[PDB]
$ cat coords_10.pdb   # PDB, N, CA and C atoms
MODEL        1
ATOM      1  N   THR Z   1     -10.049 -28.037  -8.423
ATOM      2  CA  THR Z   1      -9.982 -27.719  -9.845
ATOM      3  C   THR Z   1      -9.806 -26.222 -10.082
ATOM      4  N   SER Z   2     -10.804 -25.429  -9.716
ATOM      5  CA  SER Z   2     -10.833 -24.006 -10.044
ATOM      6  C   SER Z   2     -11.971 -23.363  -9.260
ATOM      7  N   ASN Z   3     -12.246 -22.099  -9.562
ATOM      8  CA  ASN Z   3     -13.285 -21.329  -8.897
ATOM      9  C   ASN Z   3     -14.483 -21.178  -9.823
ATOM     10  N   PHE Z   4     -15.671 -21.466  -9.299
ATOM     11  CA  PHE Z   4     -16.921 -21.256 -10.017
ATOM     12  C   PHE Z   4     -17.473 -19.883  -9.665
ATOM     13  N   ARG Z   5     -17.686 -19.055 -10.682
ATOM     14  CA  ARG Z   5     -18.298 -17.745 -10.515
ATOM     15  C   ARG Z   5     -19.464 -17.637 -11.483
ATOM     16  N   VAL Z   6     -20.651 -17.346 -10.953
ATOM     17  CA  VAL Z   6     -21.841 -17.253 -11.790
ATOM     18  C   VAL Z   6     -21.685 -16.096 -12.765
ATOM     19  N   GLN Z   7     -21.849 -16.387 -14.051
ATOM     20  CA  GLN Z   7     -21.729 -15.352 -15.063
ATOM     21  C   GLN Z   7     -22.856 -14.334 -14.907
ATOM     22  N   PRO Z   8     -22.576 -13.046 -15.102
ATOM     23  CA  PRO Z   8     -23.638 -12.042 -14.998
ATOM     24  C   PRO Z   8     -24.683 -12.236 -16.085
ATOM     25  N   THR Z   9     -25.930 -11.913 -15.745
ATOM     26  CA  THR Z   9     -27.035 -12.139 -16.670
ATOM     27  C   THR Z   9     -27.096 -11.047 -17.735
ATOM     28  N   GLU Z  10     -27.251  -9.794 -17.313
ATOM     29  CA  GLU Z  10     -27.292  -8.667 -18.236
ATOM     30  C   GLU Z  10     -26.532  -7.504 -17.606
ATOM     31  N   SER Z  11     -26.543  -6.363 -18.289
ATOM     32  CA  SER Z  11     -25.870  -5.155 -17.830
ATOM     33  C   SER Z  11     -26.910  -4.101 -17.477
ATOM     34  N   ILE Z  12     -26.747  -3.477 -16.313
ATOM     35  CA  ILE Z  12     -27.668  -2.461 -15.819
ATOM     36  C   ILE Z  12     -26.888  -1.170 -15.625
ATOM     37  N   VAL Z  13     -27.354  -0.096 -16.258
ATOM     38  CA  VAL Z  13     -26.728   1.217 -16.169
ATOM     39  C   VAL Z  13     -27.769   2.209 -15.676
ATOM     40  N   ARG Z  14     -27.395   3.022 -14.690
ATOM     41  CA  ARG Z  14     -28.286   4.045 -14.161
ATOM     42  C   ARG Z  14     -27.513   5.335 -13.944
ATOM     43  N   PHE Z  15     -28.023   6.417 -14.511
ATOM     44  CA  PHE Z  15     -27.449   7.749 -14.438
ATOM     45  C   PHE Z  15     -28.510   8.710 -13.928
ATOM     46  N   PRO Z  16     -28.105   9.842 -13.350
ATOM     47  CA  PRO Z  16     -29.098  10.824 -12.894
ATOM     48  C   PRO Z  16     -29.967  11.308 -14.046
ATOM     49  N   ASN Z  17     -31.258  11.486 -13.759
ATOM     50  CA  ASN Z  17     -32.228  11.899 -14.773
ATOM     51  C   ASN Z  17     -32.081  13.399 -15.045
ATOM     52  N   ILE Z  18     -30.936  13.747 -15.629
ATOM     53  CA  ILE Z  18     -30.621  15.117 -16.013
ATOM     54  C   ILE Z  18     -30.081  15.099 -17.437
ATOM     55  N   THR Z  19     -30.548  16.040 -18.262
ATOM     56  CA  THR Z  19     -30.188  16.075 -19.676
ATOM     57  C   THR Z  19     -29.810  17.477 -20.144
ATOM     58  N   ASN Z  20     -29.513  18.388 -19.219
ATOM     59  CA  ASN Z  20     -29.096  19.730 -19.603
ATOM     60  C   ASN Z  20     -27.799  19.674 -20.401
ATOM     61  N   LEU Z  21     -27.738  20.451 -21.478
ATOM     62  CA  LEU Z  21     -26.561  20.482 -22.336
ATOM     63  C   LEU Z  21     -25.540  21.464 -21.777
ATOM     64  N   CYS Z  22     -24.293  21.013 -21.672
ATOM     65  CA  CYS Z  22     -23.247  21.825 -21.076
ATOM     66  C   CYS Z  22     -22.880  22.992 -21.994
ATOM     67  N   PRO Z  23     -22.377  24.093 -21.427
ATOM     68  CA  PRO Z  23     -22.059  25.272 -22.246
ATOM     69  C   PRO Z  23     -20.713  25.175 -22.947
ATOM     70  N   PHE Z  24     -20.175  23.958 -23.073
ATOM     71  CA  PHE Z  24     -18.855  23.777 -23.675
ATOM     72  C   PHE Z  24     -18.765  24.390 -25.067
ATOM     73  N   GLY Z  25     -19.878  24.423 -25.804
ATOM     74  CA  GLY Z  25     -19.852  24.979 -27.147
ATOM     75  C   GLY Z  25     -19.354  26.412 -27.181
ATOM     76  N   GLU Z  26     -19.817  27.237 -26.243
ATOM     77  CA  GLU Z  26     -19.314  28.599 -26.122
ATOM     78  C   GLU Z  26     -18.101  28.703 -25.207
ATOM     79  N   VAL Z  27     -17.893  27.728 -24.321
ATOM     80  CA  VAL Z  27     -16.738  27.767 -23.431
ATOM     81  C   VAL Z  27     -15.447  27.602 -24.226
ATOM     82  N   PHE Z  28     -15.396  26.595 -25.101
ATOM     83  CA  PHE Z  28     -14.211  26.409 -25.932
ATOM     84  C   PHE Z  28     -14.124  27.473 -27.020
ATOM     85  N   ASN Z  29     -15.243  27.768 -27.683
ATOM     86  CA  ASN Z  29     -15.270  28.702 -28.803
ATOM     87  C   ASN Z  29     -15.507  30.142 -28.365
ATOM     88  N   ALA Z  30     -15.137  30.491 -27.133
ATOM     89  CA  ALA Z  30     -15.347  31.846 -26.642
ATOM     90  C   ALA Z  30     -14.551  32.849 -27.467
ATOM     91  N   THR Z  31     -15.146  34.024 -27.683
ATOM     92  CA  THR Z  31     -14.488  35.055 -28.480
ATOM     93  C   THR Z  31     -13.267  35.621 -27.763
ATOM     94  N   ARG Z  32     -13.388  35.889 -26.467
ATOM     95  CA  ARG Z  32     -12.326  36.506 -25.684
ATOM     96  C   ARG Z  32     -11.725  35.480 -24.734
ATOM     97  N   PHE Z  33     -10.399  35.386 -24.734
ATOM     98  CA  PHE Z  33      -9.670  34.482 -23.857
ATOM     99  C   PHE Z  33      -8.708  35.279 -22.989
ATOM    100  N   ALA Z  34      -8.652  34.926 -21.707
ATOM    101  CA  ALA Z  34      -7.817  35.649 -20.763
ATOM    102  C   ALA Z  34      -6.346  35.274 -20.944
ATOM    103  N   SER Z  35      -5.493  35.934 -20.165
ATOM    104  CA  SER Z  35      -4.059  35.713 -20.242
ATOM    105  C   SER Z  35      -3.654  34.491 -19.420
ATOM    106  N   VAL Z  36      -2.384  34.103 -19.563
ATOM    107  CA  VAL Z  36      -1.901  32.878 -18.932
ATOM    108  C   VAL Z  36      -1.920  32.998 -17.411
ATOM    109  N   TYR Z  37      -1.503  34.145 -16.872
ATOM    110  CA  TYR Z  37      -1.457  34.289 -15.420
ATOM    111  C   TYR Z  37      -2.853  34.484 -14.841
ATOM    112  N   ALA Z  38      -3.696  35.251 -15.525
ATOM    113  CA  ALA Z  38      -5.060  35.515 -15.067
ATOM    114  C   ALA Z  38      -6.046  34.562 -15.740
ATOM    115  N   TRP Z  39      -5.805  33.267 -15.551
ATOM    116  CA  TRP Z  39      -6.681  32.256 -16.128
ATOM    117  C   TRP Z  39      -8.034  32.286 -15.431
ATOM    118  N   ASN Z  40      -9.103  32.352 -16.219
ATOM    119  CA  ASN Z  40     -10.459  32.436 -15.679
ATOM    120  C   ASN Z  40     -10.979  31.021 -15.471
ATOM    121  N   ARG Z  41     -10.857  30.524 -14.243
ATOM    122  CA  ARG Z  41     -11.353  29.193 -13.926
ATOM    123  C   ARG Z  41     -12.875  29.192 -13.929
ATOM    124  N   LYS Z  42     -13.461  28.230 -14.635
ATOM    125  CA  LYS Z  42     -14.904  28.127 -14.779
ATOM    126  C   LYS Z  42     -15.376  26.778 -14.259
ATOM    127  N   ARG Z  43     -16.470  26.793 -13.505
ATOM    128  CA  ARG Z  43     -17.058  25.583 -12.949
ATOM    129  C   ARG Z  43     -18.310  25.220 -13.735
ATOM    130  N   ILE Z  44     -18.395  23.962 -14.158
ATOM    131  CA  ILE Z  44     -19.522  23.458 -14.932
ATOM    132  C   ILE Z  44     -20.187  22.349 -14.132
ATOM    133  N   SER Z  45     -21.502  22.453 -13.955
ATOM    134  CA  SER Z  45     -22.238  21.481 -13.162
ATOM    135  C   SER Z  45     -23.676  21.410 -13.654
ATOM    136  N   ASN Z  46     -24.331  20.295 -13.325
ATOM    137  CA  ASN Z  46     -25.733  20.052 -13.663
ATOM    138  C   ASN Z  46     -25.963  20.143 -15.173
ATOM    139  N   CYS Z  47     -25.221  19.316 -15.908
ATOM    140  CA  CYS Z  47     -25.382  19.230 -17.352
ATOM    141  C   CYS Z  47     -24.684  17.977 -17.859
ATOM    142  N   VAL Z  48     -25.275  17.346 -18.870
ATOM    143  CA  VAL Z  48     -24.637  16.212 -19.530
ATOM    144  C   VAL Z  48     -23.604  16.737 -20.517
ATOM    145  N   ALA Z  49     -22.383  16.221 -20.422
ATOM    146  CA  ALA Z  49     -21.269  16.678 -21.242
ATOM    147  C   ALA Z  49     -21.032  15.665 -22.354
TER     148      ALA Z  49
ATOM    149  N   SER Y   1      21.901 -36.442  57.232
ATOM    150  CA  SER Y   1      20.560 -35.889  57.370
ATOM    151  C   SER Y   1      19.734 -36.222  56.136
ATOM    152  N   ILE Y   2      18.510 -36.696  56.355
ATOM    153  CA  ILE Y   2      17.596 -37.055  55.277
ATOM    154  C   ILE Y   2      16.193 -36.590  55.643
ATOM    155  N   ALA Y   3      15.445 -36.132  54.644
ATOM    156  CA  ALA Y   3      14.059 -35.714  54.814
ATOM    157  C   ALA Y   3      13.163 -36.653  54.019
ATOM    158  N   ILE Y   4      12.212 -37.283  54.699
ATOM    159  CA  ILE Y   4      11.312 -38.258  54.098
ATOM    160  C   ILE Y   4       9.887 -37.746  54.260
ATOM    161  N   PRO Y   5       9.090 -37.695  53.197
ATOM    162  CA  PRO Y   5       7.694 -37.268  53.339
ATOM    163  C   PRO Y   5       6.867 -38.297  54.094
ATOM    164  N   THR Y   6       5.776 -37.816  54.684
ATOM    165  CA  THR Y   6       4.859 -38.662  55.436
ATOM    166  C   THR Y   6       3.476 -38.722  54.810
ATOM    167  N   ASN Y   7       2.870 -37.575  54.516
ATOM    168  CA  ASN Y   7       1.551 -37.508  53.904
ATOM    169  C   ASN Y   7       1.679 -36.882  52.524
ATOM    170  N   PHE Y   8       1.191 -37.584  51.509
ATOM    171  CA  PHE Y   8       1.336 -37.132  50.136
ATOM    172  C   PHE Y   8       0.134 -36.299  49.705
ATOM    173  N   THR Y   9       0.203 -35.808  48.470
ATOM    174  CA  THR Y   9      -0.898 -35.097  47.842
ATOM    175  C   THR Y   9      -0.983 -35.524  46.386
ATOM    176  N   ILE Y  10      -2.167 -35.369  45.803
ATOM    177  CA  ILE Y  10      -2.391 -35.658  44.392
ATOM    178  C   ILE Y  10      -2.986 -34.417  43.749
ATOM    179  N   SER Y  11      -2.321 -33.914  42.718
ATOM    180  CA  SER Y  11      -2.743 -32.714  42.014
ATOM    181  C   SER Y  11      -3.247 -33.073  40.624
ATOM    182  N   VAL Y  12      -3.836 -32.079  39.964
ATOM    183  CA  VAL Y  12      -4.302 -32.209  38.590
ATOM    184  C   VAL Y  12      -3.927 -30.917  37.879
ATOM    185  N   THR Y  13      -2.963 -30.993  36.968
ATOM    186  CA  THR Y  13      -2.431 -29.823  36.280
ATOM    187  C   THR Y  13      -2.848 -29.876  34.819
ATOM    188  N   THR Y  14      -3.531 -28.833  34.362
ATOM    189  CA  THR Y  14      -3.929 -28.750  32.967
ATOM    190  C   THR Y  14      -2.739 -28.379  32.092
ATOM    191  N   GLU Y  15      -2.764 -28.864  30.854
ATOM    192  CA  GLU Y  15      -1.732 -28.570  29.871
ATOM    193  C   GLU Y  15      -2.393 -28.229  28.546
ATOM    194  N   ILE Y  16      -1.818 -27.265  27.836
ATOM    195  CA  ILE Y  16      -2.411 -26.714  26.624
ATOM    196  C   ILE Y  16      -1.468 -26.985  25.462
ATOM    197  N   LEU Y  17      -1.967 -27.675  24.438
ATOM    198  CA  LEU Y  17      -1.186 -27.984  23.245
ATOM    199  C   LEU Y  17      -2.036 -27.697  22.016
ATOM    200  N   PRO Y  18      -1.636 -26.768  21.153
ATOM    201  CA  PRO Y  18      -2.317 -26.630  19.863
ATOM    202  C   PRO Y  18      -2.061 -27.851  18.997
ATOM    203  N   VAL Y  19      -3.039 -28.174  18.152
ATOM    204  CA  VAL Y  19      -2.940 -29.372  17.327
ATOM    205  C   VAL Y  19      -3.080 -29.000  15.857
ATOM    206  N   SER Y  20      -3.819 -27.932  15.573
ATOM    207  CA  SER Y  20      -4.042 -27.536  14.190
ATOM    208  C   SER Y  20      -4.455 -26.075  14.141
ATOM    209  N   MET Y  21      -4.165 -25.437  13.012
ATOM    210  CA  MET Y  21      -4.609 -24.081  12.745
ATOM    211  C   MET Y  21      -5.827 -24.112  11.827
ATOM    212  N   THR Y  22      -6.359 -22.929  11.533
ATOM    213  CA  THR Y  22      -7.510 -22.819  10.647
ATOM    214  C   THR Y  22      -7.097 -23.139   9.215
ATOM    215  N   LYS Y  23      -7.608 -24.247   8.682
ATOM    216  CA  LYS Y  23      -7.348 -24.597   7.293
ATOM    217  C   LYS Y  23      -7.840 -23.485   6.376
ATOM    218  N   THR Y  24      -6.993 -23.076   5.435
ATOM    219  CA  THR Y  24      -7.288 -21.929   4.590
ATOM    220  C   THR Y  24      -6.851 -22.213   3.161
ATOM    221  N   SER Y  25      -7.597 -21.655   2.210
ATOM    222  CA  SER Y  25      -7.245 -21.709   0.800
ATOM    223  C   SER Y  25      -7.561 -20.362   0.170
ATOM    224  N   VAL Y  26      -6.974 -20.115  -1.001
ATOM    225  CA  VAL Y  26      -7.140 -18.837  -1.681
ATOM    226  C   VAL Y  26      -6.933 -19.039  -3.175
ATOM    227  N   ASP Y  27      -7.622 -18.220  -3.966
ATOM    228  CA  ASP Y  27      -7.497 -18.212  -5.417
ATOM    229  C   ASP Y  27      -6.940 -16.863  -5.846
ATOM    230  N   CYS Y  28      -5.912 -16.889  -6.696
ATOM    231  CA  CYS Y  28      -5.301 -15.652  -7.174
ATOM    232  C   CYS Y  28      -6.312 -14.763  -7.884
ATOM    233  N   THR Y  29      -6.866 -15.254  -8.996
ATOM    234  CA  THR Y  29      -7.615 -14.388  -9.902
ATOM    235  C   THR Y  29      -8.784 -13.718  -9.196
ATOM    236  N   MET Y  30      -9.462 -14.443  -8.307
ATOM    237  CA  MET Y  30     -10.518 -13.820  -7.517
ATOM    238  C   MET Y  30      -9.935 -12.813  -6.532
ATOM    239  N   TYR Y  31      -8.799 -13.146  -5.918
ATOM    240  CA  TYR Y  31      -8.149 -12.214  -5.000
ATOM    241  C   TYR Y  31      -7.399 -11.124  -5.754
ATOM    242  N   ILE Y  32      -6.518 -11.514  -6.672
ATOM    243  CA  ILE Y  32      -5.651 -10.548  -7.339
ATOM    244  C   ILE Y  32      -6.428  -9.753  -8.379
ATOM    245  N   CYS Y  33      -7.053 -10.450  -9.326
ATOM    246  CA  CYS Y  33      -7.715  -9.789 -10.443
ATOM    247  C   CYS Y  33      -9.189  -9.510 -10.185
ATOM    248  N   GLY Y  34      -9.872 -10.381  -9.448
ATOM    249  CA  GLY Y  34     -11.276 -10.180  -9.152
ATOM    250  C   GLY Y  34     -12.183 -10.352 -10.353
ATOM    251  N   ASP Y  35     -12.153 -11.537 -10.959
ATOM    252  CA  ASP Y  35     -13.033 -11.936 -12.054
ATOM    253  C   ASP Y  35     -12.848 -11.096 -13.314
ATOM    254  N   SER Y  36     -11.848 -10.220 -13.351
ATOM    255  CA  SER Y  36     -11.601  -9.383 -14.517
ATOM    256  C   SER Y  36     -10.740 -10.138 -15.520
ATOM    257  N   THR Y  37     -11.219 -10.224 -16.763
ATOM    258  CA  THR Y  37     -10.489 -10.946 -17.798
ATOM    259  C   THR Y  37      -9.304 -10.161 -18.342
ATOM    260  N   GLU Y  38      -9.244  -8.851 -18.091
ATOM    261  CA  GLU Y  38      -8.082  -8.079 -18.514
ATOM    262  C   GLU Y  38      -6.880  -8.373 -17.625
ATOM    263  N   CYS Y  39      -7.107  -8.499 -16.318
ATOM    264  CA  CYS Y  39      -6.038  -8.876 -15.403
ATOM    265  C   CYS Y  39      -5.689 -10.354 -15.507
ATOM    266  N   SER Y  40      -6.665 -11.203 -15.837
ATOM    267  CA  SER Y  40      -6.401 -12.633 -15.936
ATOM    268  C   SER Y  40      -5.350 -12.939 -16.995
ATOM    269  N   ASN Y  41      -5.288 -12.135 -18.057
ATOM    270  CA  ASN Y  41      -4.249 -12.324 -19.063
ATOM    271  C   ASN Y  41      -2.892 -11.865 -18.545
ATOM    272  N   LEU Y  42      -2.865 -10.761 -17.797
ATOM    273  CA  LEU Y  42      -1.601 -10.245 -17.281
ATOM    274  C   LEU Y  42      -0.988 -11.189 -16.256
ATOM    275  N   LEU Y  43      -1.816 -11.793 -15.401
ATOM    276  CA  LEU Y  43      -1.292 -12.612 -14.312
ATOM    277  C   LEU Y  43      -0.551 -13.836 -14.834
ATOM    278  N   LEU Y  44      -1.118 -14.523 -15.829
ATOM    279  CA  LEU Y  44      -0.481 -15.726 -16.356
ATOM    280  C   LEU Y  44       0.860 -15.427 -17.011
ATOM    281  N   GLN Y  45       1.092 -14.177 -17.412
ATOM    282  CA  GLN Y  45       2.393 -13.781 -17.937
ATOM    283  C   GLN Y  45       3.492 -13.901 -16.886
ATOM    284  N   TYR Y  46       3.138 -13.854 -15.601
ATOM    285  CA  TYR Y  46       4.100 -13.962 -14.511
ATOM    286  C   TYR Y  46       4.462 -15.402 -14.170
ATOM    287  N   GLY Y  47       4.211 -16.347 -15.066
ATOM    288  CA  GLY Y  47       4.582 -17.724 -14.824
ATOM    289  C   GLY Y  47       3.641 -18.432 -13.868
ATOM    290  N   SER Y  48       4.088 -19.602 -13.421
ATOM    291  CA  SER Y  48       3.281 -20.463 -12.556
ATOM    292  C   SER Y  48       3.496 -20.145 -11.079
ATOM    293  N   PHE Y  49       3.373 -18.865 -10.723
ATOM    294  CA  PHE Y  49       3.405 -18.493  -9.313
ATOM    295  C   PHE Y  49       2.162 -18.985  -8.589
TER     296      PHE Y  49
ENDMDL
END
$ encode --input "coords_10.pdb" --output "structure tokens"
Amino acid sequence: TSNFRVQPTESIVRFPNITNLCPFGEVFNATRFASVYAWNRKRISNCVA
Amino acid sequence: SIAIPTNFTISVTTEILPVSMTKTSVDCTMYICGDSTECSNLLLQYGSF
């Protein structure tokens, strides 16, 4: 006939217990922006975005 | 000129014949889509393959 697959019961989500707010607010709205060739690459880590 | 045997021998020679292979079956949606209902709609668009 067909394939029997047990339907999932509920949904389980788990994320790292970190809630630091990312600096995107000042990253995008920065007062000074560099030139096209000298792009200032920035690394963002350990924060919820 | 003729050559006639005098003392005979009796041998036992094994023979190997396959009779059947491993019976196998497969389901597309579990194989192709993997229980995903988004792919299940796309697959049926390809006709009765």
$ atom_distance --input "coords_10.pdb" --atom1 "atom N of residue 30 (chain Y)" --atom2 "CA of residue 3 (chain Z)"
7.9 Å
$ resolve_selection --input "coords_10.pdb" --expression "the PyMOL selection byres (((chain Y and resi 49 and name CA) around 12) and name CA)" --output "VMD selection string"
chain Y and resid 27 to 29 43 to 48
$ resolve_selection --input "coords_10.pdb" --expression "the ChimeraX specification (/Y@CA @<12) & /Z@CA" --output "VMD selection string"
chain Z and resid 1 to 8
$ resolve_selection --input "coords_10.pdb" --expression "the PyMOL selection byres (((chain Z and resi 46-49 and name CA) around 10) and name CA)" --output "list in words"
residues 16, 17, 18, 19, 20, 21, 22, 23, 24, 44 and 45 of chain Z
$ atom_distance --input "coords_10.pdb" --atom1 "CA of residue 27 (chain Z)" --atom2 "CA of residue 15 (chain Z)"
24.4 Å
$ atom_distance --input "coords_10.pdb" --atom1 "atom C of residue 41 (chain Y)" --atom2 "atom N of residue 25 (chain Y)"
23.4 Å
